[PDB]
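In structure tokens, the next block holds one chain alone, the form deposited in one PDB entry.
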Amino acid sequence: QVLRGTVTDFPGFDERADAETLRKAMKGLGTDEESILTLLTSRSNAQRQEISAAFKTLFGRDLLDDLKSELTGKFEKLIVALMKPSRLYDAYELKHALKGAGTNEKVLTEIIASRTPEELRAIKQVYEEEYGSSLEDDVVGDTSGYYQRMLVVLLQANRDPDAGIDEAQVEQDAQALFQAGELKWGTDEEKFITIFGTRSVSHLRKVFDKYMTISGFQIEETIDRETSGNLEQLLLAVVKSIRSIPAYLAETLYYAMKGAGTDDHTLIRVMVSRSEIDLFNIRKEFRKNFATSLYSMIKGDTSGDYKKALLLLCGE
């Protein structure tokens, strides 16, 4: 489709005027969170970077250090996320899922499955730049088995082009997946990793259809979500992303709020990282799949300034 974000460049932007408002909001005893909230969610990421620059040229101060000293809580985490340069943000969040004891597999899967090969090539490059090390080495460092192998394949950013549907291979592949799926995805993993990882998106959507007509089922049905198995989670994310990235991300949001409490980390990461890409399309998938709006779901799951900020990111 045509991807539509919910945040665009503010017309009539003046980074100096904005820098002064933020300075005033912060200056002295207490904070005007409401003024910060509304300013920042109504400027695009590139404008926020122009505000930081102007804040340091006027005041000799660092805006992000200031925000971090003035704010707290989930509101702080949301604001700091917004302030990240768009080009770094996916990298940063991968770096945080990997760095330390254990791994945050959830974030690894989500970003690596739902970002396009072009996004991935850029994240790899920025990760190396920023963090000194290769994303691929750090992933191999943290993960094992076919989960690791399948991430590394996706990390090569080399899917076949969408050109010729070789309906002979479509039938072969669909049969291969039929077999493997009946076998609970636990045999011949090497076969399917190559099919999921390297075939073109238009091929694979053909495979999924063909599959269903062979089995009667949708290939997702042969996996169950809430329970375990990193490779299965990864398989499910890839199949959903091949179908529709905004649908898969809408579902990740739904489940970030569904149940006791919220996965605020996920809610923040998706709302921010997609705000200027496809968040509008995500809003429409959510509504049609989950028969409620994202807005009301956020409004019911969150509170305070953190909630106001998110509802202004979201829209309607």
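Just count from 1 along the sequence shown to find any residue number. Rigid core (definition): largest C-alpha set, two forms, superposition within 1.5 Å. Shifts are known only where both forms have a C-alpha.
FYI, the form deposited in another entry isn't displayed, but the following is about it.
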Original post:
Superposing on the rigid core, which residue among 157, 152, 183, 88 shifts its Cα by at least 2 Å between this form and the one not shown?
Top reply: 183
Original post:
Rigid core fitted, then: does residue 137 show a CA shift of 2 angstroms or greater between this form and the one not shown?
Top reply: no
Subject >> residue 241 C-alpha moves between this form and the one not shown by 2 Å or more, core aligned >> reply: no
Original post:
Can a Cα shift of no less than 2 Å be assigned to residue 209 between this form and the one not shown, given superposition on the rigid core?
Top reply: no
Original post:
How does the CA gap of residue 227 and residue 286 change in the other form versus this form, closer or farther, if it moves 3 angstroms or more?
Top reply: farther
**OP:** Just say closer or farther for the C-alpha distance from residue 146 to residue 228 in the other form, relative to the shown form; it changes by 3 Å or more.
**Re:** closer
Original post:
Where does the chain move between this form and the one not shown, taking runs of at least 3 residues whose CA atoms all shift 2 Å or more after fitting the core?
Top reply: 178-181, 183-186, 215-217, 221-228, 259-261
